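Novice: Have a look at this one.
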Amino acid sequence: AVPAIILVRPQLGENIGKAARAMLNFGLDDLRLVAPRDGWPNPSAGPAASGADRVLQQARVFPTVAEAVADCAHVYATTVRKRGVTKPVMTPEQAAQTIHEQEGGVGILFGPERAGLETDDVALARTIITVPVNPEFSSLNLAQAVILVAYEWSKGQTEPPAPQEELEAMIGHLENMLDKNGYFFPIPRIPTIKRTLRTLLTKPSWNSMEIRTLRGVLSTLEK
Amino acid sequence: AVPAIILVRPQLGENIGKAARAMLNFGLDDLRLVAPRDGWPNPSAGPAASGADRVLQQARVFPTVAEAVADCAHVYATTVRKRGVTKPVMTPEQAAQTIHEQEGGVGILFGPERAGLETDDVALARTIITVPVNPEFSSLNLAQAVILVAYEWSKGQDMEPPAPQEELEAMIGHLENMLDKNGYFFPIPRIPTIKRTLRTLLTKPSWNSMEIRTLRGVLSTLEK
């Protein structure tokens, strides 16, 4: 149904709440915790999660990384982390494509923001997730790591003009208002002047309501 | 060049630095702040940016959204919900594609966290960016919206461009000054949406400097 968002060794309770808020922003409620450094349940995660309180109470905690992964058929490690590699890598745009092709049992790992995924924890994954970032800075908050893969997953990738008789009357009313004030000179330039003024007004391809707004603007300006 | 990230009336300085950290993560460095609620500069934005100090050092503050965007031929309004004004809408992936093709200066607006942009601020933009958040929990963190738009923009993928907003604002003000004399703004309760419908249909055409220049000469001729 929805990928598990497995957080590996969370350290701040505040960081757990931000990622849960990022998950519910794009429709994910499957939060899984693996040995949070302060332990679970935590109350510090509450306010940081904003209205995603349900994702926290529905969280499933596991003693080990392997127990969190036991349900899933496929494992993704988001090592946006100083490792490694020896396993195939794909961008969050590429990972979300295959997961929608896959059936079924996806689980995605995120390491701690301070230290990142540990050697044994990365080994469980069949694929590495990495966020393209410029090396000049190249480091994210863990909630920023979760929101991006959650956003690519949610993407799925699964008026009018004019009518002509009013667009004609509007261009003709403006032209007669300009023609009364001597706008169309010199005579050789007149066809060129009307072309730019027409191209000025046919370019927008504005709606019927916008044409009435134009006619009421000219009606007062002509008065 | 690169698109400008324009923060309209941010409330937390912690969000102001968190977004500049999101900007530098994905190649952005042009922060602009429209009257920050706690003011500028503040230390509290400092640590939240972590190492993205360069953006806050280069950040510049403007009294008005139009002054923050005066150099931008194209203006985008980021939203998390259906907005009342009628503007073209595109996903951040779609907006990032046109922003790559577009020239003359792009500036994206971002509203205060939870509250979002004012309706007047959305009208100033030519195009809307709806982040496809869940409608029942459509409340992104301000920096979280900045990182999604910057993330899609980072994914790399004649020609006369639109006039800068300072030219479009001048032609709009030249028209409103002309219209104020003739009583055009007169159902008084309706005035704020009268200016809003007028600003939208003049920002819709996306016509260039010479076309705005031709429009100004048509107006001065109508004045006479």
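Ordering of the structure tokens sets the chain letters (A, B, ...), residue numbers begin anew at 1 in every chain, and ligands are numbered from 1 in the order given.
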Show which residues sit within 9 Å of residue 221 in chain B, as a compact mmCIF listing (two decimals) with C-alpha atoms, in the first residue's frame. Count only C-alpha atoms, and ignore same-chain residues fewer than 2 positions away.

Specialist:
# COMPACT_ATOMS: atom_id res chain seq x y z
CA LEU A 178 -6.68 56.27 -30.33
CA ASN A 181 -6.51 61.47 -30.64
CA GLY A 182 -4.24 61.25 -33.69
CA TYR A 183 -2.38 58.11 -32.63
CA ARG B 216 2.57 53.48 -22.04
CA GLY B 217 2.43 55.57 -25.21
CA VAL B 218 -1.13 54.44 -25.88
CA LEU B 219 -1.98 55.57 -22.34
CA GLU B 223 -4.63 61.05 -21.41
CA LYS B 224 -4.68 63.86 -23.98

Novice: With range 39-42 of chain B as the partner and 10 Å as the cut-off, tabulate the residues of range 48-166 of chain B that qualify, each row holding the nearest pair of atoms and their distance in Å to one decimal, using only C-alpha atoms, sorted by chain and rising number, as JSON lines.

Specialist:
{"residue": "B:56", "atom": "CA", "partner": "B:41", "partner_atom": "CA", "distance": 8.5}
{"residue": "B:57", "atom": "CA", "partner": "B:41", "partner_atom": "CA", "distance": 9.2}
{"residue": "B:59", "atom": "CA", "partner": "B:41", "partner_atom": "CA", "distance": 9.3}
{"residue": "B:60", "atom": "CA", "partner": "B:40", "partner_atom": "CA", "distance": 8.9}
{"residue": "B:61", "atom": "CA", "partner": "B:40", "partner_atom": "CA", "distance": 7.4}

Novice: Could you list, as an NGL selection string, every residue within 10 Å of residue 205 in chain A, counting only C-alpha atoms and ignoring same-chain residues fewer than 5 positions away?

Specialist: (:A and (159-163 or 167 or 210-211)) or (:B and (204-205))

Novice: Print the selection's residues with N, CA, C and O atoms to a file, as a JSON list (two decimals), in the first residue's frame.

Specialist:
[["chain", "number", "residue", "atom", "x", "y", "z"],
["A", 159, "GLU", "N", -10.99, 30.44, -18.18],
["A", 159, "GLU", "CA", -10.86, 30.03, -19.57],
["A", 159, "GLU", "C", -12.24, 30.03, -20.24],
["A", 159, "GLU", "O", -13.26, 30.10, -19.54],
["A", 160, "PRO", "N", -12.29, 29.98, -21.58],
["A", 160, "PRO", "CA", -11.24, 30.04, -22.59],
["A", 160, "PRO", "C", -11.32, 31.30, -23.46],
["A", 160, "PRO", "O", -12.25, 32.09, -23.29],
["A", 161, "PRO", "N", -10.34, 31.51, -24.36],
["A", 161, "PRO", "CA", -10.48, 32.52, -25.42],
["A", 161, "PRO", "C", -11.61, 32.18, -26.40],
["A", 161, "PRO", "O", -11.87, 31.00, -26.61],
["A", 162, "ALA", "N", -12.26, 33.19, -26.98],
["A", 162, "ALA", "CA", -11.99, 34.59, -26.67],
["A", 162, "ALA", "C", -13.26, 35.31, -26.20],
["A", 162, "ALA", "O", -13.23, 36.00, -25.19],
["A", 163, "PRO", "N", -14.39, 35.18, -26.94],
["A", 163, "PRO", "CA", -14.72, 34.84, -28.33],
["A", 163, "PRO", "C", -14.37, 35.97, -29.30],
["A", 163, "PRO", "O", -14.23, 37.11, -28.86],
["A", 167, "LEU", "N", -13.30, 40.19, -28.80],
["A", 167, "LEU", "CA", -11.91, 40.59, -29.00],
["A", 167, "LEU", "C", -11.78, 41.54, -30.18],
["A", 167, "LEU", "O", -10.93, 42.44, -30.17],
["A", 210, "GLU", "N", -12.22, 39.09, -18.69],
["A", 210, "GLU", "CA", -11.14, 40.06, -18.80],
["A", 210, "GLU", "C", -11.42, 41.08, -19.90],
["A", 210, "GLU", "O", -10.97, 42.23, -19.80],
["A", 211, "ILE", "N", -12.14, 40.68, -20.95],
["A", 211, "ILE", "CA", -12.49, 41.62, -22.01],
["A", 211, "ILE", "C", -13.49, 42.66, -21.51],
["A", 211, "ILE", "O", -13.39, 43.84, -21.84],
["B", 204, "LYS", "N", -1.10, 39.03, -16.96],
["B", 204, "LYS", "CA", -1.31, 37.84, -17.80],
["B", 204, "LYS", "C", -0.56, 37.88, -19.13],
["B", 204, "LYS", "O", 0.06, 36.87, -19.49],
["B", 205, "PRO", "N", -0.58, 38.98, -19.91],
["B", 205, "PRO", "CA", -0.05, 38.91, -21.28],
["B", 205, "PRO", "C", 1.41, 38.50, -21.36],
["B", 205, "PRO", "O", 1.80, 37.90, -22.37]]

Novice: Write down, as number ranges by chain, each residue of chain B that has any atom within 6 Å of an atom of chain A, counting only C-alpha atoms.

Specialist: B: 25-26, 133-134, 137, 182, 205

Novice: Let me see the file: selected residues, C-alpha atoms, as an mmCIF file, in the first residue's frame.

Specialist:
data_model
loop_
_atom_site.group_PDB
_atom_site.id
_atom_site.type_symbol
_atom_site.label_atom_id
_atom_site.label_comp_id
_atom_site.auth_asym_id
_atom_site.auth_seq_id
_atom_site.Cartn_x
_atom_site.Cartn_y
_atom_site.Cartn_z
ATOM 1 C CA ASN B 25 21.799 22.506 -0.582
ATOM 2 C CA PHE B 26 20.425 22.800 -4.129
ATOM 3 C CA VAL B 133 0.619 18.198 -0.515
ATOM 4 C CA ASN B 134 -2.183 16.149 1.014
ATOM 5 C CA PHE B 137 -2.739 17.996 6.012
ATOM 6 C CA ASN B 182 -12.596 59.203 -13.743
ATOM 7 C CA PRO B 205 -0.048 38.907 -21.275
#

Novice: Taking 5 positions as the minimum chain separation for residues in the same chain, which residues sit within 12 Å of residue 31 in chain B when counting only C-alpha atoms? Answer as a PyMOL selection string.

Specialist: chain B and resi 2-8+16-24+52-62+68-69+107-110+146

Novice: How about saving the chosen residues, N, CA and C atoms kept, as a compact mmCIF listing (two decimals), in the first residue's frame?

Specialist:
# COMPACT_ATOMS: atom_id res chain seq x y z
N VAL B 2 20.18 32.66 -11.60
CA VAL B 2 19.42 31.69 -10.82
C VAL B 2 18.14 32.36 -10.32
N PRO B 3 17.06 31.60 -10.11
CA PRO B 3 15.83 32.20 -9.59
C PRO B 3 16.02 32.72 -8.17
N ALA B 4 15.31 33.80 -7.86
CA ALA B 4 15.32 34.35 -6.51
C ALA B 4 14.29 33.65 -5.63
N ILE B 5 14.68 33.36 -4.40
CA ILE B 5 13.77 32.85 -3.37
C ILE B 5 13.37 34.04 -2.51
N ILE B 6 12.12 34.47 -2.63
CA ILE B 6 11.62 35.67 -1.97
C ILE B 6 10.69 35.25 -0.84
N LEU B 7 11.07 35.58 0.39
CA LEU B 7 10.30 35.25 1.58
C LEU B 7 9.45 36.45 1.97
N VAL B 8 8.15 36.36 1.73
CA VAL B 8 7.23 37.45 2.06
C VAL B 8 6.83 37.34 3.53
N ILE B 16 13.87 31.34 8.49
CA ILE B 16 14.59 32.12 7.49
C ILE B 16 15.96 31.50 7.21
N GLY B 17 16.64 31.02 8.25
CA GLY B 17 17.90 30.34 8.05
C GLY B 17 17.74 28.92 7.57
N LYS B 18 16.66 28.25 7.97
CA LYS B 18 16.42 26.89 7.52
C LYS B 18 16.18 26.83 6.02
N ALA B 19 15.57 27.88 5.45
CA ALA B 19 15.35 27.92 4.01
C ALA B 19 16.64 28.22 3.25
N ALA B 20 17.46 29.14 3.78
CA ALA B 20 18.74 29.42 3.14
C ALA B 20 19.65 28.20 3.17
N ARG B 21 19.53 27.37 4.21
CA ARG B 21 20.21 26.08 4.20
C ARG B 21 19.62 25.16 3.13
N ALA B 22 18.30 25.22 2.94
CA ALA B 22 17.68 24.48 1.85
C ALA B 22 18.10 25.03 0.49
N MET B 23 18.33 26.34 0.40
CA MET B 23 18.72 26.94 -0.88
C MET B 23 20.12 26.52 -1.27
N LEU B 24 21.07 26.63 -0.34
CA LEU B 24 22.45 26.27 -0.64
C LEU B 24 22.62 24.77 -0.88
N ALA B 52 25.19 27.39 5.70
CA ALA B 52 24.69 28.20 4.59
C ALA B 52 24.71 29.68 4.96
N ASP B 53 25.82 30.11 5.56
CA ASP B 53 25.96 31.50 5.98
C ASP B 53 25.98 32.44 4.79
N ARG B 54 26.46 31.97 3.64
CA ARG B 54 26.65 32.84 2.49
C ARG B 54 25.34 33.44 2.01
N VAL B 55 24.24 32.71 2.15
CA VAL B 55 22.95 33.20 1.67
C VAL B 55 22.44 34.32 2.57
N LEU B 56 22.49 34.11 3.88
CA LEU B 56 22.03 35.15 4.81
C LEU B 56 22.92 36.38 4.77
N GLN B 57 24.22 36.20 4.52
CA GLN B 57 25.10 37.35 4.35
C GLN B 57 24.75 38.13 3.09
N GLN B 58 24.40 37.44 2.02
CA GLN B 58 24.01 38.07 0.77
C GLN B 58 22.53 38.45 0.72
N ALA B 59 21.75 38.06 1.72
CA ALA B 59 20.32 38.36 1.72
C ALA B 59 20.08 39.86 1.80
N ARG B 60 19.04 40.33 1.11
CA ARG B 60 18.65 41.73 1.15
C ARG B 60 17.15 41.83 1.38
N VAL B 61 16.76 42.88 2.10
CA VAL B 61 15.40 43.07 2.58
C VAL B 61 14.74 44.20 1.81
N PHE B 62 13.45 44.04 1.53
CA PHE B 62 12.69 45.06 0.82
C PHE B 62 11.38 45.34 1.55
N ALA B 68 11.12 43.64 -4.07
CA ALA B 68 11.91 42.41 -4.06
C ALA B 68 11.91 41.72 -5.42
N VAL B 69 10.91 41.98 -6.25
CA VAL B 69 10.69 41.29 -7.51
C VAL B 69 10.85 42.21 -8.71
N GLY B 107 11.55 35.05 -9.98
CA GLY B 107 11.45 35.25 -8.55
C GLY B 107 10.24 34.56 -7.96
N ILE B 108 10.46 33.59 -7.08
CA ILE B 108 9.38 32.80 -6.49
C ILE B 108 9.03 33.39 -5.13
N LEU B 109 7.73 33.58 -4.89
CA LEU B 109 7.24 34.07 -3.61
C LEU B 109 6.92 32.91 -2.68
N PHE B 110 7.20 33.10 -1.40
CA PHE B 110 6.83 32.14 -0.36
C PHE B 110 6.18 32.90 0.79
N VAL B 146 10.52 25.53 0.59
CA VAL B 146 11.67 26.07 -0.13
C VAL B 146 12.57 24.96 -0.66

Novice: Using DSSP on the backbone, list every residue of range 74-164 of chain B that comes out as strand (DSSP E), and give them as a PyMOL selection string.

Specialist: chain B and resi 74-79+89-90+106-110+127-130

Novice: Please produce an output containing N, CA and C atoms for each residue in the selection, written as a compact mmCIF listing (two decimals), in the first residue's frame.

Specialist:
# COMPACT_ATOMS: atom_id res chain seq x y z
N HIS B 74 9.50 37.25 -14.63
CA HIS B 74 8.49 36.26 -14.28
C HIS B 74 8.45 36.13 -12.76
N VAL B 75 7.24 36.04 -12.21
CA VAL B 75 7.04 35.92 -10.78
C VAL B 75 6.15 34.71 -10.52
N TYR B 76 6.57 33.86 -9.59
CA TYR B 76 5.81 32.68 -9.20
C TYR B 76 5.36 32.80 -7.75
N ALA B 77 4.12 32.39 -7.49
CA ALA B 77 3.56 32.36 -6.15
C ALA B 77 3.40 30.91 -5.72
N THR B 78 4.10 30.53 -4.65
CA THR B 78 4.00 29.17 -4.14
C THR B 78 2.79 29.06 -3.21
N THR B 79 2.00 28.00 -3.40
CA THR B 79 0.80 27.78 -2.62
C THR B 79 0.69 26.31 -2.27
N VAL B 89 -1.52 27.49 -13.11
CA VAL B 89 -0.99 26.68 -12.02
C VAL B 89 -0.09 25.61 -12.62
N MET B 90 0.98 25.28 -11.90
CA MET B 90 1.86 24.19 -12.31
C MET B 90 2.50 23.59 -11.07
N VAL B 106 13.75 35.22 -12.73
CA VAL B 106 12.65 34.53 -12.08
C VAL B 106 12.71 34.80 -10.58
N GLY B 107 11.55 35.05 -9.98
CA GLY B 107 11.45 35.25 -8.55
C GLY B 107 10.24 34.56 -7.96
N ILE B 108 10.46 33.59 -7.08
CA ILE B 108 9.38 32.80 -6.49
C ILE B 108 9.03 33.39 -5.13
N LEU B 109 7.73 33.58 -4.89
CA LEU B 109 7.24 34.07 -3.61
C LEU B 109 6.92 32.91 -2.68
N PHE B 110 7.20 33.10 -1.40
CA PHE B 110 6.83 32.14 -0.36
C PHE B 110 6.18 32.90 0.79
N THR B 127 2.38 33.26 -12.27
CA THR B 127 2.11 31.83 -12.26
C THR B 127 2.10 31.32 -10.83
N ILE B 128 1.26 30.32 -10.58
CA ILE B 128 1.12 29.71 -9.26
C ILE B 128 1.83 28.37 -9.24
N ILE B 129 2.49 28.07 -8.12
CA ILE B 129 3.08 26.76 -7.87
C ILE B 129 2.34 26.15 -6.68
N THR B 130 1.51 25.15 -6.95
CA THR B 130 0.91 24.36 -5.88
C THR B 130 1.81 23.17 -5.58

Novice: List every residue of range 62-169 of chain A that DSSP, applied to the backbone of this structure, places in alpha helix (DSSP H), and write the result as a PyMOL selection string.

Specialist: chain A and resi 65-69+92-101+119-123+142-155+164-169

Novice: Between CA of residue 47 in chain A and CA of residue 62 in chain A, what is the spacing in Å?

Specialist: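 If I compute the distance from CA of residue 62 in chain A to CA of residue 47 in chain A, I get 23.2 Å.
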
Novice: Do you have the CA of residue 114 in chain A-CA of residue 12 in chain A distance handy?

Specialist: 9.7 Å

Novice: For residue 156 in chain B, please output as a list in words all residues within 10 Å (counting only C-alpha atoms; exclusion window: fewer than 4 positions along the same chain).

Specialist: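 What passes the distance filter is residues 96, 97, 100 and 152 of chain B.
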
Novice: If you count only C-alpha atoms, which residues fall within 9 Å of residue 196 in chain B, apart from same-chain ones fewer than 5 positions away, as a PyMOL selection string?

Specialist: chain B and resi 85+119-120+123-124+191+201

Novice: Of the candidates A:108, A:1, A:171, A:124, which one gets nearest to residue 149 in chain A if we count only C-alpha atoms?

Specialist: A:108

Novice: Write out as a PyMOL selection string each polymer residue whose atoms come within 7 Å of range 80-89 of chain A, counting only C-alpha atoms; drop sequence neighbours fewer than 2 positions from it.

Specialist: chain A and resi 78+116-117+126-131

Novice: Just the selected residues (N, CA, C and O atoms), exported as a short mmCIF file (atom, residue, chain, number, x, y, z; two decimals), in the first residue's frame, please.

Specialist:
data_model
loop_
_atom_site.label_atom_id
_atom_site.label_comp_id
_atom_site.auth_asym_id
_atom_site.auth_seq_id
_atom_site.Cartn_x
_atom_site.Cartn_y
_atom_site.Cartn_z
N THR A 78 18.41 4.99 2.43
CA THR A 78 18.71 6.37 2.06
C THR A 78 20.03 6.77 2.72
O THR A 78 20.09 7.50 3.71
N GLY A 116 24.42 9.12 10.59
CA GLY A 116 24.02 8.37 9.41
C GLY A 116 23.99 6.87 9.62
O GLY A 116 24.29 6.34 10.70
N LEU A 117 23.62 6.18 8.55
CA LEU A 117 23.42 4.74 8.61
C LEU A 117 24.72 4.00 8.91
O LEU A 117 25.77 4.29 8.33
N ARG A 126 18.59 -3.70 -0.49
CA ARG A 126 18.91 -4.13 -1.84
C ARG A 126 19.25 -2.98 -2.77
O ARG A 126 19.70 -3.22 -3.90
N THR A 127 19.05 -1.73 -2.33
CA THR A 127 19.28 -0.57 -3.18
C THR A 127 19.62 0.62 -2.30
O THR A 127 19.18 0.71 -1.15
N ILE A 128 20.41 1.54 -2.85
CA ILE A 128 20.83 2.75 -2.16
C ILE A 128 20.07 3.93 -2.73
O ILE A 128 19.99 4.10 -3.95
N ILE A 129 19.52 4.76 -1.85
CA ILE A 129 18.88 6.01 -2.24
C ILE A 129 19.81 7.16 -1.89
O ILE A 129 20.33 7.23 -0.77
N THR A 130 20.03 8.06 -2.85
CA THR A 130 20.90 9.20 -2.64
C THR A 130 20.28 10.42 -3.31
O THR A 130 19.83 10.34 -4.45
N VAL A 131 20.28 11.54 -2.59
CA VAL A 131 19.68 12.78 -3.07
C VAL A 131 20.76 13.57 -3.80
O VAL A 131 21.79 13.89 -3.18
#
